Amino acid sequence: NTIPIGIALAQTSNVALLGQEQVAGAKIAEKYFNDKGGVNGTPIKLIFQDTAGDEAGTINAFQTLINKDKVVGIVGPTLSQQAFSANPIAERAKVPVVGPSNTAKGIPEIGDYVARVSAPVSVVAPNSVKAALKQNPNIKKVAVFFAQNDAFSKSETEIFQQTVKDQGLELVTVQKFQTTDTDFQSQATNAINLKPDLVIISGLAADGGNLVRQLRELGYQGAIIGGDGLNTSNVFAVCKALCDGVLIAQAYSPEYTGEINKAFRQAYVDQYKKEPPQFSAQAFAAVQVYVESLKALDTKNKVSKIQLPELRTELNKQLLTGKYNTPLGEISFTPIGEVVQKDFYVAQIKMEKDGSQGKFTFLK
Ligand SMILES: CC(C)C[C@H](N)C(=O)O
Ligand SMILES: [Cl-]
Ligand SMILES: [Mg+2]
């Protein structure tokens, strides 16, 4: 007998360039927690249902997890774009959802069953602008690009634009693209003609990486910030050596000295031969929230005897009250499921000259 927890992430489509890191973190969590006896001796079982890259696929994944797989709760989905459409399904069904990395404004407000462990754009994004200004205090002109079809990208770009204004910089253009675009020559040229000192990009991974590459090909020599959608080594293959120097804010640090981060990090490094990425840590934290909440609930009200609809409701109620020492740091939730998290960082892509390899260097 095991306790089923649903994992609804992008395992296929270009969204999987982000989702696969999340899957990796979730699998590390499953082993970590089951090796510690699961929920008071009862193992958990992660049940994966691929969302693919759109809303319909996410709705289908959630419905399958809820109705066929009988899960006690869901971790997912990968994108805020998907969450706004699908999370209301879980809300109506009274099934908890813990979002690992969805950072658009308004996610926890979807309802009483929606929480997230990922700090939102309003507190994550401004740090990369400040870091750019530290590296070049003479930045004056900023060009901003965003994916107009993606909910998170639109939420993120609003924060970047406000931060640019608040820092006293000139916003010379805001250019739009689609996440499915591969070619950005017109928008890139239009921006380059305005002589920006800083370019900020809010998109996802393939699109963001292609845009970075093209900006450099077209002669742009200034600073570049990527938003959360570019926060994966999967961009390295796309922009190659021309990824070098991109600044990306982080809600996780491999060097954070929490005991569980040490264990998580060591497990990750031993397997994948590199530092754990943010998205992996966030997915681990989401699973941790469920395991530790299930343990707390089970101690007060043995879960093997609770019928599923009540188990879901009691688990949701419990998880919202918990305090968790996670790879992300000590976190907890507000009454509406927003994360409470203290520390943020900025990293910078450092490519080897040949462009075939790179890493994220954390700024001090
Ligand atoms: C995987 C991440 C890039 C997702 C993004 N933070 C969002 O809210 O959609
Ligand atoms: Cl295109
Ligand atoms: Mg909520």
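Quick reminder, even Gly has a Cβ in these numbers, built from the backbone with ideal geometry, and neighbours come from all protein chains shown. Readers should treat all values here as calculations from the given coordinates under stated rules, not as data from a laboratory.
Odds and ends about this structure:
- Pairwise Cα inverse-distance average, inverted: Kirkwood Rh of the stretch 1-77 (Å): 12.6 Å
- Residues listed by number, the stretch 300-338, amide nitrogen under 16 Å from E109 label point at 7 Å toward C-beta: 334-338
- Treating r as the C-beta distance of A263 and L218 and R0 as 30 Å, the FRET efficiency rounds to 0.10.
- Whole-Å distance, taken between Cα centres, linking the stretch 86-142 and the stretch 277-325: 21 Å
- Semi-axes of the equivalent ellipsoid of the stretch 55-111 are 17, 11, 10 Å, computed as sqrt(5λ) over the eigenvalues of the C-alpha gyration tensor in descending order.
- For the stretch 152-225, the Stokes-Einstein estimate of translational diffusion at 37 °C and a viscosity of 0.692 mPa s comes to 260 µm²/s, using the Kirkwood hydrodynamic radius over alpha-carbon pairs.
- Estimated translational diffusion coefficient (Stokes-Einstein, Kirkwood radius over Cα pairs, 4 °C, 1.567 mPa s) of the stretch 52-165: 84 µm² per second.
- Of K45/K359; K68/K295; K27/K154; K262/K295; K165/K323; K302/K342, those spanning more than 26 Å from alpha-carbon to alpha-carbon: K45/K359; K27/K154; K165/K323; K302/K342
- Fraction of beta bridges assigned by DSSP in the chain that are antiparallel (%, nearest 5): 35 percent
- Cut-off under 5 Å, modelled amide H: who pairs with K45 long-range: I3, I5
- Relative exposure of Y345, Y32, judged by other C-beta atoms within 10 Å (fewest first): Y32, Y345
- Karplus-derived 3J(HN,Hα) values for the stretch 199-211, using 6.51 cos²θ - 1.76 cosθ + 1.60 with θ = phi - 60°, are 10, 10, 10, 10, x, 9, 7, 5, 5, x, x, 5, 5 Hz; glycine and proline are entered as x.
- Cα pair count fraction exceeding 16 Å, expressed as % - the stretch 308-364: 64 percent
- In summary, the convex hull built on the alpha carbon positions of the chain has an orientation-averaged projected area of 16.6 nm².
- Spin-label model distance (nm) - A237 vs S356, 7 Å beyond Cα toward Cβ: 1.5 nm
- The calculated P(r) of the stretch 101-173, using every Cα pair and 5 Å bins from 0, goes 3, 15, 23, 21, 16, 11, 6, 3, 1, 0 in percent.
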